[PDB]
Structures are given as structure tokens and as C-alpha cells.
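Beneath this line is the structure, given in C-alpha cells, with notes to follow.
Residue numbers (the entry's author numbering), protein chains in the order written: chain E, 102 to 151; chain D, 102 to 151.
What follows is the structure, given as C-alpha cells:
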């Protein structure tokens, strides 16, 4: 019932349209840290602690 | 009962005929279109829309 049929006289028949879509995404921020003292390094048994 | 049996006298017996059929096909017309304006091209963000 929706086939674009055409007669020998043509005319303004079977017009169509188009569409488009948009996608999006965003970034975020992360981080963490730790703290220490000089003694916690110098007097510790393991010299490879850091 | 319908075998073409023939005797020694021959004669006009067991005549047959033939037939033929006609097939047909035809073509049809199709088409469609779309329209646009100059502003839909010049002011649109996407220079590759067309």
C-alpha cells in the first residue's frame, strides 16, 4: 500500500524525508594519595618500603 | 483401454493432436523524490549533508 508507484503523468508524488541522531559522552576526574614521615622511612626495617 | 493398438489393415486409427500455451508479463513504473532549500545547506552545521 506504500509502494512509490508512478504514472505516465508524473507529478508531485512520493516525497520522503530524512533524520539524524546525536551521541555524546564526557570525561571525569580521579585520584588518591598517601602520606608518610621521615622516621617511617629511615628507622623502618625494610629499606625498600617506598 | 486407451493404448494405440494397430492391426494389419492400418487405416485411419489413433489420431492425436497437440496444444500450446501463452505466458505473459509486464513492467511497471516507480519513483520518488525529496526537496530542500538553500538555507538547509548553507546554515546547516554539517557541510556534508547532501
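Idealized CB from N, CA, C, for every residue including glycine.
Please list the partners that residue i has in chain D, where partner means a Cβ-to-Cβ separation under 7 Å.
i, result
"residue 118 of chain E", "135"
"residue 115 of chain E", "132, 133 and 134"
Applying a beta-carbon distance threshold of less than 8 Å, which residues of chain D neighbour residue i?
i, result
"residue 108 of chain E", "130"
Thinking residue i and residue j are a contact (beta carbons under 8 Å), I'd like their distance in whole angstroms, please.
i, j, result
"residue 105 of chain E", "residue 137 of chain D", "Contact doesn't hold; Cβ gap of about 19 Å is too wide."
"residue 135 of chain D", "residue 117 of chain E", "5 Å"
Quick one: is the Cβ of residue i within less than 6 Å of any heavy atom of the ligand MG?
i, result
"residue 133 of chain E", "The ligand content of the structure shown is nil, which means the ligand MG is not present either."
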